[PDB]
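One structure is given below, encoded as structure tokens.
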Amino acid sequence: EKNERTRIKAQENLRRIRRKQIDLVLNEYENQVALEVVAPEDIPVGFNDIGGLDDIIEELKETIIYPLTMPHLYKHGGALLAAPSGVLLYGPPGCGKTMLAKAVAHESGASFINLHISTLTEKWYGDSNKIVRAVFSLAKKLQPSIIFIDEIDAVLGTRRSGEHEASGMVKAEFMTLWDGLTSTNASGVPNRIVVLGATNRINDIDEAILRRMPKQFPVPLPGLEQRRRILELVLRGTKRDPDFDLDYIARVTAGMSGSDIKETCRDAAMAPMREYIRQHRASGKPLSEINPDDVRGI
Amino acid sequence: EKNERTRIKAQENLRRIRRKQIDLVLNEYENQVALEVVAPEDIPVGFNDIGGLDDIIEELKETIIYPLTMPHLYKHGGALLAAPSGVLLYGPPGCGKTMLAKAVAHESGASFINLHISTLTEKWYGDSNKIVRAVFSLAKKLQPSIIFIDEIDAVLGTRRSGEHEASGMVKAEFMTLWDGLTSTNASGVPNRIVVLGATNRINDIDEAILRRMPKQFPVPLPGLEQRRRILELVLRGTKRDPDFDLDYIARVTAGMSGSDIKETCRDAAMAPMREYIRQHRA
Amino acid sequence: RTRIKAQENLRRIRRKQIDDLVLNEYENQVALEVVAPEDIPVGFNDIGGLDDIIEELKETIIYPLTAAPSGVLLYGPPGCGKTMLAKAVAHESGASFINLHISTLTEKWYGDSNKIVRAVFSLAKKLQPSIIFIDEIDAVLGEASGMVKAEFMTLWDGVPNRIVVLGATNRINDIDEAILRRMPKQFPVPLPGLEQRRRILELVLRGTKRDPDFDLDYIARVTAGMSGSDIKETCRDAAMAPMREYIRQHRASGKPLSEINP
Amino acid sequence: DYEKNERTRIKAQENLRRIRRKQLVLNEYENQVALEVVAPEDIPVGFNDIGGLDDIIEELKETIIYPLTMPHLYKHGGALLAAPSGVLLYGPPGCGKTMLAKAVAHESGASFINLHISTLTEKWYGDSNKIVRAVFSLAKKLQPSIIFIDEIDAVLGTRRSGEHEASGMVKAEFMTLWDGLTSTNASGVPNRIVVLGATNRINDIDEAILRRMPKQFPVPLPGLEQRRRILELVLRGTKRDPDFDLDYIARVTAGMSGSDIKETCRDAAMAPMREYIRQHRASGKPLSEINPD
Amino acid sequence: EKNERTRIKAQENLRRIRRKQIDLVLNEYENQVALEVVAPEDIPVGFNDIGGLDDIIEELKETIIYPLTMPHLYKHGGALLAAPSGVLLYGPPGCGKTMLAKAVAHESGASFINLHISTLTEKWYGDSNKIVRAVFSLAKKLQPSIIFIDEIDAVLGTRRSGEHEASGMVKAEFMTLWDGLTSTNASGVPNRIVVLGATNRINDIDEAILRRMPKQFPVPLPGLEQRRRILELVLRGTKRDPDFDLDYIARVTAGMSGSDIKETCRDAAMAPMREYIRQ
Amino acid sequence: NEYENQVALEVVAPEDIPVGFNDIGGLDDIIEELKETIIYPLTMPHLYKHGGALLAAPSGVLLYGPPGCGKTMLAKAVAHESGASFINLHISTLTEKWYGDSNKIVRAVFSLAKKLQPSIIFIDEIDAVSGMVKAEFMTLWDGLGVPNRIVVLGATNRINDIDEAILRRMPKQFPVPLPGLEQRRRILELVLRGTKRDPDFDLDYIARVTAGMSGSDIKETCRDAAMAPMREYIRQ
Ligand SMILES: Nc1ncnc2c1ncn2[C@@H]1O[C@H](COP(=O)(O)OP(=O)(O)O)[C@@H](O)[C@H]1O
Ligand SMILES: Nc1ncnc2c1ncn2[C@@H]1O[C@H](COP(=O)(O)OP(=O)(O)O)[C@@H](O)[C@H]1O
Ligand SMILES: Nc1ncnc2c1ncn2[C@@H]1O[C@H](COP(=O)(O)OP(=O)(O)O)[C@@H](O)[C@H]1O
Ligand SMILES: Nc1ncnc2c1ncn2[C@@H]1O[C@H](COP(=O)(O)OP(=O)(O)O)[C@@H](O)[C@H]1O
Ligand SMILES: Nc1ncnc2c1ncn2[C@@H]1O[C@H](COP(=O)(O)OP(=O)(O)O)[C@@H](O)[C@H]1O
Ligand code: BEF
Ligand code: BEF
Ligand code: BEF
Ligand code: BEF
Ligand SMILES: [Mg+2]
Ligand SMILES: [Mg+2]
Ligand SMILES: [Mg+2]
């Protein structure tokens with residue numbers, strides 16, 4: 001058992017040496033959680049990349065990140081003016097949610113970690129709660145640490161019964177360290193830990209935990225202006241302006257969500273590429289030139 | 001296994017000394033339960049700064065927390081006139097059942113130990129029952145003690161058929177050491193140990209545990225006066241805006257929880273604060 | 001292990017003498033569970049007007065050990081005083097009252113999960129009379145749990161050694177029917193009747209005065225539903241009420257010193 | 001409790017050596033899928049054995065299977081001109097939905113990985129997700145990779161909150177690894193992993209899974225020409241008689257699937273051999289007759 | 001735990017030793033179905049015993065068993081002349097829909113493996129799919145492999161929106177392992193394993209499973225002479241009293257489906273038996 | 001074989017049964033056909049095996065009619081009559097707890113039966129026999145070189161909606177009419193065998209007093225008028 005745990009420890013120590021740069025002491029449980037500390041330089045989508053929703057970026061930055069990072073600015077107010085306990089981005093499926101949980105991990109600089117729901121559920125008994133305590137132990141040892149759990153309605157969410165007698169503890173031993181008797185320091189700082197969460201079913205997330213994460217922003221499907229921005233941003237790397245008429249495309253795709261505009265642009269961005277390939281299919285060898293032309297998709 | 005256990009017992013010694021002094025020995029096995037003894041001065045809350053709850057904040061101070069400390073003035077009776085062995089603290093989420101426990105831990109005087117859920121369920125076989133036993137063996141060593149299992153719905157609960165019976169042995173261990181044949185003392189005192197619970201749904205905690213906790217304090221949602229008090233109480237750091245009328249936001253809450261009110265009042269203190277972004281501008 | 005065997009020797013001497021014989025180290029560790037008869041303060045008189053199941057015990061269990069069936073069950077639900085009955089039996093029993101403390105059987109080893117099970121019956125064979133009462137018997141008698149269960153049921157039916165089995169499960173009809181059928185007897189403990197609830201009123205009300213409240217007789221009018229534990233907690237509350245009033249009055253001024261009246 | 005690991009780990013390397021030698025190190029749960037990759041030389045069918053699907057075989061080849069391999073060809077706007085992260089083959093049961101994926105596992109070149117729904121659902125707690133992030137970690141190691149979940153509407157479905165919670169995490173684990181936070185690289189390349197899915201019932205898969213896989217190819221029943229071509233493809237094992245209108249069978253079918261036609265051809269072809277057996281002969285005989293019905 | 005698995009391995013080894021010669025490695029899943037491979041000599045019924053449905057027993061002996069065993073004579077065809085991978089025989093309750101399975105298991109070398117519904121339904125999550133997979137992993141390892149799912153309309157069935165979780169991924173996994181990715185071999189052989197489905201109503205079995213059982217032999221009620229055939233065959237070694245014949249009873253037995261005749265005749269068989277007790 | 005050991009709690013022993021064959025109420029023709037064709041061939045088959053492969057006892061026998069105790073009494077009695085250990089279904093055990101727990105029970109029942117002597121299985125209040133249990137109960141009753149040597153009995157008030165395929169496999173379906181104007185005399189004699197019968201009138205109006213009820217009022221009248229002249233003898 002030690003032969004595997006040593007390599008594990010070496011890997012997480014390497015990851016944390018890469019992250020911490022601009023050497024902790026770790027037990028075995030939150031050791032393997034150190035593999036989930038996302039390096040902020042490995043998420044190539046900032047806040048200037050996601051168009052459409054902008055006010056949600058406003059209320060997501062100037063009330064969550066400025067409270068977490070640079071807390072001295074929010075000390076004149078007192079104990080109230082701190083970062084909220086947790087955040088939730090609920091809305092229709094496939095519009096900016098997981099991609100807005102990337103810019104918050106790239107520019108925030110708050111020791112972001114992706115929780116990886118599988119790791120919460122361990123096979124041995126009493127090791128699915130050791131990891132739930134470890135995710136907060138490591139979160140506070142390198143605070144201010146943002147935590148993220150995508151799809152929070154399976155690992156979290158309404159119990160409705162004693163499922164398996166091991167899923168009611170991760171739902172409870174998470175809530176015990178979240179906003180429990182040790183959530184506040186001896187002076188008042190609540191450890192500076194904000195757990196995000198993405199979900200399209202807000203009404204299945206254990207409303208007792210709904211009190212836990214109050215900053216719950218609705219992430220609606222993009223409107224007409226939001227789509228006119230998402231087309232401009234998704235169609236950056238495309239020699240697409242012979243006689244391009246984006247006003248028609250941003251209007252016709254009204255009912256379409258914000259994640260299908262990407263695939264629509266993809267089909268409308270490799271159509272002339274397929275034309276060039278089928279043209280070159282006559283003879284020769286694939287040594288692709290840079291002369292397709294995007295005009296109109298479907 | 002021993003060196004790491006030696007570090008565990010060393011940290012346990014430090015925490016126990018800082019709790020006691022405000023000297024004893026252990027078995028090198030129950031040290032991992034004294035690593036949750038909450039100190040008295042670190043909990044920054046008290047019974048004075050919790051508006052709303054009044055009959056609870058008085059009934060706890062008179063009936064449970066303070067027949068325990070200074071029990072000499074209740075020594076006229078036998079088993080009676082003693083600390084009631086058990087408390088529940090049930091209520092909806094976000095109404096001050098954890099803050100109440102924090103204030104109890106800070107203003108009690110008994111050796112408050114915070115028994116987590118991850119400290120009872122153990123991987124090795126037979127290493128989860130001897131921790132539930134270590135808890136009640138430590139509570140009796142120094143026995144002003146308020147054990148506190150927060151969120152008693154997973155660690156405890158209605159024992160159903162099967163469901164990892166090794167996890168049912170823990171609840172059986174609680175049932176047998178809590179009020180079993182050796183519950184009280186040979187002199188008659190019931191060891192002066194009062195577990196404090198916490199939950200949002202009193203429907204599956206237990207029927208064989210409700211008897212084991214005679215007190216059940218219902219903490220409901222704050223009404224008119226409770227919200228009027230909590231709104232004034234939360235605004236102790238944030239300076240009051242000039243001409244700001246409190247009763248409007250006080251009455252407009254109208255049944256909202258005791259934490260959502262805190263968030264809506266935090267927004268009203270960050271609103272102007274966020275607005276003054278001029279320092280970088282200038 | 002040396003400290004373990006030393007404490008074992010001391011506790012077993014204080015149990016037996018009211019001598020001692022050295023035995024296996026994996027069998028001494030269960031010998032630290034022998035509570036002396038003078039350790040329990042309560043007695044038979046501390047039980048209410050039950051005097052039927054306690055009478056059955058007094059006639060059928062303690063007498064033969066002075067044949068004695070091996071196995072006795074406590075059937076009542078939580079609230080009637082199963083553990084209280086067991087504690088009272090342990091006082092006026094005169095035999096060797098040895099509990100189990102199932103955590104003692106549970107061990108993080110492979111070949112040691114059966115040695116303690118052997119050691120319990122071995123020590124029972126060493127000294128008589130003996131008592132192996134195990135509260136919450138529907139906890140351990142549900143490759144380790146099954147092994148310990150099978151080995152316990154193997155040596156369960158070990159003069160028939162003067163060994164007695166007493167069970168106090170909080171719930172029945174879902175409890176070890178393989179061995180529950182083997183045990184001879186089982187005594188149900190129902191809710192308190194009229195005379196039973198009257199005795200419960202008269203017993204717990206021992207230290208408090210007779211006029212701290214309305215009256216004792218009227219309390220035995222709605223307490224029919226509640227059990228012996230809810231009645232005791234309500235009595236504790238009603239007793240603390242007058243002392244509550246007195247302490248609240250004394251809060252006005254004066255050092256918080258004890259008194260000699262409510 | 002250790003020999004099972006040794007057996008799977010030794011066979012895990014041996015299975016990978018086959019696909020590797022056709023042209024690495026894995027942890028515990030990755031050995032499960034390590035015994036699960038399909039070598040393209042093993043499957044005996046190719047793209048030229050699926051008739052009538054000239055508009056689906058051509059769109060499963062220009063936009064989903066050949067932006068993926070040789071991605072250097074698509075590097076002008078590579079951030080967007082990549083292979084889709086999944087494909088949904090849906091339609092009437094019995095036409096190509098498994099044959100297309102069987103030929104894609106043969107004539108693609110990518111490390112095709114079948115998913116085998118029984119292996120995702122372990123009886124222990126948490127192994128169902130340890131296998132999901134094992135397959136979505138082996139695909140990244142065997143990149144480029146192609147995952148195929150035949151009949152996706154069984155292992156995946158609408159959440160249905162009042163059901164088994166342990167099976168709502170594997171359905172909520174694809175939404176975390178297959179398009180989650182780490183679906184992209186440090187520069188934009190989304191791991192070059194496409195997940196194939198063939199369901200006989202679309203719209204009962206999910207409201208969120210139907211956006212991950214952006215290429216839902218509907219595979220209709222064989223029309224007037226699909227039957228004509230499937231007859232040609234199927235009746236190439238035994239010789240044909242000098243005169244029989246094979247158009248007649250296709251011209252009269254008009255309502256059968258791609259499997260019903262194969263079964264009818266099987267029933268028709270057995271007539272001459274069963275007649276030769278009616279002649280009570282023991283040895284073989286290379287002549288027969290494939291007359292209509 | 002381990003001892004139970006070792007005992008199951010001992011049973012499977014004994015059963016394979018007794019069934020193979022009129023032995024291969026097995027896990028603890030396909031071992032569970034190892035106890036289901038019946039011995040041909042156990043079933044005391046042959047093809048000659050079945051009557052009435054004489055034109056269904058013929059097409060099963062020429063298009064299923066012959067294309068399954070000794071296919072070298074059928075090797076002249078490439079792949080079309082293999083055995084049909086699935087066979088269904090439906091009928092009203094009271095006809096020969098199960099006795100045909102016995103005749104196929106007894107007088108046709110097939111490694112007949114009947115799987116019971118309780119051998120598929122299980123308590124642990126993902127333990128039923130790993131048995132549906134073990135079945136087809138065993139049938140491949142010994143592959144005459146005539147699998148027989150009687151009352152298939154229950155173990156399978158119509159898949160709905162509000163369908164049970166565990167019972168919904170065992171219908172899809174089964175029909176995916178039947179005709180799926182690994183259905184064929186490297187050489188292109190169809191991997192001969194036939195599945196016998198014997199249901200009472202082919203209306204709700206599935207829309208995708210009926211194609212997986214292309215041979216659907218209808219088993220109607222016993223015909224006029226067919227009932228006479230069953231009468232003459234069921235009372236071969238029975239009582240032989242004077243001239244009174246079942247042919248008159250055959251005309252009398254207009255209804256009284258084929259299963260019912262086997263008890264009608266036995267009830268009529270106590271005529272000389274009852275008087276023997278009169279001593 | 002954990003389930004067959006679990007079902008071993010309901011295997012009533014073939015001996016020490018309350019059968020007492022004469023105690024059953026007045027029922028001759030049904031019991032005549034029973035003792036002639038079912039229980040008789042169960043014992044000493046060597047004297048009944050003159051014809052082979054067909055003289056096995058059919059495992060289908062139904063007792064349909066209003067609810068009562070005679071059908072259950074007859075089921076209890078036939079076991080001791082043929083030296084059979086009564087293994088009741090215990091239909092409340094058919095409730096579902098796990099996914100396939102009940103199907104395991106249905107398998108283990110026939111497992112123990114085939115492993116056991118010719119005792120007969122009983123299904124009290126047959127109404128459950130539409131999932132895997134209902135499927136597998138029709139399968140393992142008759143399925144894949146010796147007869148079953150065990151008969152299944154049918155006891156249920158429900159008729160013509162009881163899965164007629166199961167009705168097909170129930171050859172000797174016997175109507176069990178509990179209310180009988182002649183069986184009532186015998187059952188009242190059975191009752192009054194021990195009860196003191198000095199003051200009460202002759203057993204003639206009893207044949208018309210409990211005319212409506214089938215077999216329950218007669219069973220409750222064992223002590224209905226028994227203690228009526230008995231309270232005074234007990235109080236004084
Ligand atoms: N507002 C947006 N601006 C730009 N791209 C978007 C936006 N919303 C969705 N997308 C596209 O959707 C893809 C990821 O979708 P995602 O936001 O993860 O869905 P969900 O909202 O369910 O998390 C990205 O590739 C991105 O291009
Ligand atoms: N009675 C109260 N007065 C003031 N604030 C309260 C009160 N109850 C709860 N809160 C606020 O709620 C937060 C913690 O709530 P918590 O005690 O966890 O709710 P619950 O006890 O219902 O779980 C604290 O930050 C505190 O400010
Ligand atoms: N028969 C009785 N008469 C009077 N009081 C009783 C009786 N039984 C129980 N009690 C009271 O109720 C309480 C029951 O507590 P306990 O014996 O621990 O319950 P249990 O035995 O169910 O664990 C005792 O403290 C005792 O004072
Ligand atoms: N376009 C086609 N050309 C040739 N054969 C086909 C075609 N479509 C289906 N088939 C036949 O169908 C059989 C497999 O059907 P499959 O596609 O697996 O059905 P499903 O889509 O329900 O999985 C193969 O044996 C093949 O001969
Ligand atoms: N021709 C026949 N000869 C002998 N037995 C028959 C014949 N037809 C039906 N049976 C009997 O009828 C019973 C029921 O038929 P079966 O095929 O099992 O239908 P099901 O599967 O619906 O029960 C069988 O057990 C069989 O013994
Ligand atoms: F598609 Be996202 F991850 F909800
Ligand atoms: F939020 Be408390 F701990 F219920
Ligand atoms: F109710 Be106690 F556990 F006997
Ligand atoms: F494989 Be098919 F789509 F059932
Ligand atoms: Mg709280
Ligand atoms: Mg007790
Ligand atoms: Mg398929």
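Ordering of the structure tokens sets the chain letters (A, B, ...), residue numbers begin anew at 1 in every chain, and ligands are numbered from 1 in the order given.
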Checklist line | Expected selection as a PyMOL selection string for ligand 1 within 6 Å, only C-alpha atoms and all ligand atoms | finding: chain A and resi 50-53+93-99+230+258-259+262
Item checked: Test item: residues at most 6 Å from range 115-121 of chain A, only C-alpha atoms, excluding those fewer than 3 positions along its chain, as a list in words ->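 Answer for this query is residues 128, 131, 148 and 149 of chain A; 126 and 129 of chain D.
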Next item on the list: Check every residue of chain A for an atom within 7 Å of chain B, counting only C-alpha atoms, and provide those that qualify as a PyMOL selection string.
Entry: chain A and resi 77-81+124-127+129-130+164-165+168-169+172-173+176+180-181+185-188+208+211
Write out the residues from the selection above, keeping C-alpha atoms, as a JSON list (two decimals), in the first residue's frame.
```json
[["chain", "number", "residue", "atom", "x", "y", "z"],
["A", 77, "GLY", "CA", -16.84, 47.47, 6.83],
["A", 78, "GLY", "CA", -16.10, 44.83, 9.45],
["A", 79, "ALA", "CA", -17.08, 41.17, 9.62],
["A", 80, "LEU", "CA", -19.99, 41.45, 7.17],
["A", 81, "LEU", "CA", -18.00, 42.62, 4.15],
["A", 124, "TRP", "CA", -13.65, 1.75, 1.80],
["A", 125, "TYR", "CA", -15.93, 2.59, 4.71],
["A", 126, "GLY", "CA", -15.43, 5.96, 6.34],
["A", 127, "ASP", "CA", -13.09, 7.11, 3.56],
["A", 129, "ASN", "CA", -15.95, 11.43, 4.73],
["A", 130, "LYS", "CA", -12.20, 11.58, 5.31],
["A", 164, "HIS", "CA", -26.59, 3.49, 1.32],
["A", 165, "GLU", "CA", -25.69, 5.01, 4.72],
["A", 168, "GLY", "CA", -25.94, 10.72, 3.82],
["A", 169, "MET", "CA", -22.57, 11.41, 5.46],
["A", 172, "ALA", "CA", -23.75, 15.89, 6.05],
["A", 173, "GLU", "CA", -20.02, 15.86, 6.82],
["A", 176, "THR", "CA", -20.65, 20.23, 8.94],
["A", 180, "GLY", "CA", -20.34, 24.51, 11.00],
["A", 181, "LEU", "CA", -18.88, 25.26, 14.42],
["A", 185, "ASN", "CA", -11.76, 31.81, 12.88],
["A", 186, "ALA", "CA", -11.20, 33.20, 16.39],
["A", 187, "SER", "CA", -11.43, 36.73, 14.92],
["A", 188, "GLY", "CA", -14.30, 36.43, 12.44],
["A", 208, "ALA", "CA", -30.62, 23.23, 3.51],
["A", 211, "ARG", "CA", -28.87, 28.38, 2.54]]
```
Close residues, residue 38 in chain F itself excluded, 8 Å, only C-alpha atoms, min 4 positions apart in chain, as a PDB file with N, CA and C atoms, in the first residue's frame:
```pdb
ATOM      1  N   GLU F  33     -62.068 -37.514  -3.380  1.00  0.00           N
ATOM      2  CA  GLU F  33     -61.221 -37.374  -4.558  1.00  0.00           C
ATOM      3  C   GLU F  33     -59.779 -37.073  -4.175  1.00  0.00           C
ATOM      4  N   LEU F  34     -59.574 -36.264  -3.133  1.00  0.00           N
ATOM      5  CA  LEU F  34     -58.225 -35.979  -2.655  1.00  0.00           C
ATOM      6  C   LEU F  34     -57.519 -37.258  -2.222  1.00  0.00           C
ATOM      7  N   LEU F  42     -49.118 -40.341  -3.513  1.00  0.00           N
ATOM      8  CA  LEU F  42     -47.926 -39.765  -2.899  1.00  0.00           C
ATOM      9  C   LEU F  42     -47.185 -40.800  -2.062  1.00  0.00           C
ATOM     10  N   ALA F  57     -48.400 -37.566  -9.276  1.00  0.00           N
ATOM     11  CA  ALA F  57     -49.448 -36.729  -8.708  1.00  0.00           C
ATOM     12  C   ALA F  57     -49.372 -35.329  -9.306  1.00  0.00           C
ATOM     13  N   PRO F  58     -50.440 -34.840  -9.933  1.00  0.00           N
ATOM     14  CA  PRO F  58     -50.392 -33.499 -10.525  1.00  0.00           C
ATOM     15  C   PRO F  58     -50.272 -32.431  -9.452  1.00  0.00           C
TER      16      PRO F  58
END
```
Check: Counting only C-alpha atoms and all ligand atoms, which protein, DNA or RNA residues come within 12 Å of ligand 6, given as a ChimeraX atom specification?
Finding: /A:88-102,148-153,197-201,219,257-260 /D:172-183,207-213
Margin query: Residues of chain E within 6 Å of chain F, counting only C-alpha atoms - could you list those as a PyMOL selection string?
Written below: chain E and resi 44+93+118+121-123+238
Next item on the list: Give the strand (DSSP E or B) residues of range 20-140 of chain B, as assigned by DSSP on the backbone, as a list in words.
Entry: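 The strand (DSSP E or B) subset of range 20-140 of chain B is residues 37, 87, 90, 113 and 114 of chain B.
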With the cut-off set at 10 Å and counting only C-alpha atoms, tabulate each residue of chain E with an atom at most that distance from an atom of chain C, showing the nearest atom pair and its distance in Å to one decimal, ordered by chain and increasing number, as a Markdown table.
```
| residue | atom | partner | partner_atom | distance |
| --- | --- | --- | --- | --- |
| E:1 | CA | C:143 | CA | 6.3 |
| E:2 | CA | C:143 | CA | 8.2 |
| E:3 | CA | C:143 | CA | 9.4 |
```
Include C-alpha atoms and write out the residues we just selected as a CSV table (one decimal), in the first residue's frame.
```
chain,number,residue,atom,x,y,z
E,1,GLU,CA,-17.1,-15.0,1.2
E,2,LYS,CA,-14.0,-16.8,-0.2
E,3,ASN,CA,-15.2,-20.2,0.9
```
Checklist line | Atom pair CA of residue 2 in chain F / CA of residue 178 in chain C: separation (Å) | finding: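 The value is 12.1 Å.
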Near ligand 4, 8 Å: chain E residue rows, closest pairs, only C-alpha atoms and all ligand atoms, as JSON lines:
```
{"residue": "E:176", "atom": "CA", "partner": "ligand 4", "partner_atom_place_in_ligand_line": "23 (O)", "distance": 7.9}
{"residue": "E:179", "atom": "CA", "partner": "ligand 4", "partner_atom_place_in_ligand_line": "18 (O)", "distance": 6.0}
{"residue": "E:180", "atom": "CA", "partner": "ligand 4", "partner_atom_place_in_ligand_line": "18 (O)", "distance": 6.2}
{"residue": "E:208", "atom": "CA", "partner": "ligand 4", "partner_atom_place_in_ligand_line": "22 (O)", "distance": 6.7}
```
Margin query: Could you list, as a PyMOL selection string, all protein and nucleic acid residues with an atom at most 6 Å from ligand 11, counting only C-alpha atoms and all ligand atoms?
Written below: (chain B and resi 180) or (chain C and resi 82-83+135-136+168)
Margin query: At a cut-off of 12 Å and counting only C-alpha atoms and all ligand atoms, what residues surround ligand 8? Please answer as a VMD selection string.
Written below: (chain B and resid 171 to 183 206 to 212) or (chain C and resid 73 to 87 133 to 139 167 to 171 189 to 190 227 to 230)
Can you write out the residues you just picked, keeping C-alpha atoms, as an mmCIF file, in the first residue's frame?
```cif
data_model
loop_
_atom_site.group_PDB
_atom_site.id
_atom_site.type_symbol
_atom_site.label_atom_id
_atom_site.label_comp_id
_atom_site.auth_asym_id
_atom_site.auth_seq_id
_atom_site.Cartn_x
_atom_site.Cartn_y
_atom_site.Cartn_z
ATOM 1 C CA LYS B 171 -25.078 3.379 16.865
ATOM 2 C CA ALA B 172 -25.349 0.282 19.053
ATOM 3 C CA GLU B 173 -22.191 1.440 20.833
ATOM 4 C CA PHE B 174 -23.816 4.825 21.444
ATOM 5 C CA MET B 175 -26.993 3.173 22.728
ATOM 6 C CA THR B 176 -25.089 0.894 25.116
ATOM 7 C CA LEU B 177 -22.589 3.389 26.574
ATOM 8 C CA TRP B 178 -24.890 6.431 26.645
ATOM 9 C CA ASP B 179 -27.570 5.147 29.030
ATOM 10 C CA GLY B 180 -26.715 1.464 29.456
ATOM 11 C CA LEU B 181 -26.054 -0.440 32.670
ATOM 12 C CA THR B 182 -23.119 1.845 33.506
ATOM 13 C CA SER B 183 -24.686 5.140 32.430
ATOM 14 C CA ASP B 206 -34.168 7.513 16.282
ATOM 15 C CA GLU B 207 -36.928 6.335 18.564
ATOM 16 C CA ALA B 208 -34.260 4.614 20.678
ATOM 17 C CA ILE B 209 -32.355 7.920 20.778
ATOM 18 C CA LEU B 210 -35.162 10.449 21.349
ATOM 19 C CA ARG B 211 -35.550 8.849 24.774
ATOM 20 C CA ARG B 212 -31.771 9.228 25.124
ATOM 21 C CA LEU C 73 -34.320 -11.989 26.399
ATOM 22 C CA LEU C 74 -35.542 -8.509 27.291
ATOM 23 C CA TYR C 75 -38.398 -7.723 24.917
ATOM 24 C CA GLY C 76 -39.713 -4.307 25.981
ATOM 25 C CA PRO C 77 -39.163 -1.240 23.811
ATOM 26 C CA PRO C 78 -36.959 1.700 24.837
ATOM 27 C CA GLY C 79 -38.706 3.526 27.659
ATOM 28 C CA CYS C 80 -39.683 0.661 29.948
ATOM 29 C CA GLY C 81 -36.298 0.266 31.642
ATOM 30 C CA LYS C 82 -34.481 -2.679 30.077
ATOM 31 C CA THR C 83 -31.045 -1.373 31.052
ATOM 32 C CA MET C 84 -32.464 -0.428 34.455
ATOM 33 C CA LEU C 85 -33.696 -4.001 34.895
ATOM 34 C CA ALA C 86 -30.294 -5.375 33.889
ATOM 35 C CA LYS C 87 -28.530 -3.006 36.292
ATOM 36 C CA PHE C 133 -25.569 -9.962 29.660
ATOM 37 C CA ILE C 134 -25.087 -7.981 26.453
ATOM 38 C CA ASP C 135 -27.168 -4.863 25.876
ATOM 39 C CA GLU C 136 -28.397 -4.221 22.330
ATOM 40 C CA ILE C 137 -28.050 -7.902 21.432
ATOM 41 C CA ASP C 138 -29.414 -7.053 17.978
ATOM 42 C CA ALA C 139 -26.109 -5.359 17.151
ATOM 43 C CA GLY C 167 -30.469 -10.171 26.062
ATOM 44 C CA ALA C 168 -31.881 -6.636 26.092
ATOM 45 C CA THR C 169 -32.485 -5.825 22.427
ATOM 46 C CA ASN C 170 -34.357 -2.584 21.790
ATOM 47 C CA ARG C 171 -36.170 -4.169 18.828
ATOM 48 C CA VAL C 189 -41.651 -5.431 29.049
ATOM 49 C CA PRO C 190 -44.780 -3.429 28.119
ATOM 50 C CA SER C 227 -42.788 5.601 29.319
ATOM 51 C CA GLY C 228 -40.546 5.336 32.360
ATOM 52 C CA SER C 229 -37.949 7.606 30.766
ATOM 53 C CA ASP C 230 -40.260 10.362 29.525
#
```
Margin query: One decimal, in Å: what's the spacing between CA of residue 171 in chain D and CA of residue 110 in chain A?
Written below: 29.6 Å
Next item on the list: Name each residue within 7 Å of ligand 9, counting only C-alpha atoms and all ligand atoms, as a list in words.
Entry: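 Result of the 7 Å neighbour search around ligand 9: residues 93, 94, 97, 98, 150, 151, 198, 199 and 200 of chain D; 175, 176, 179, 180 and 208 of chain E.
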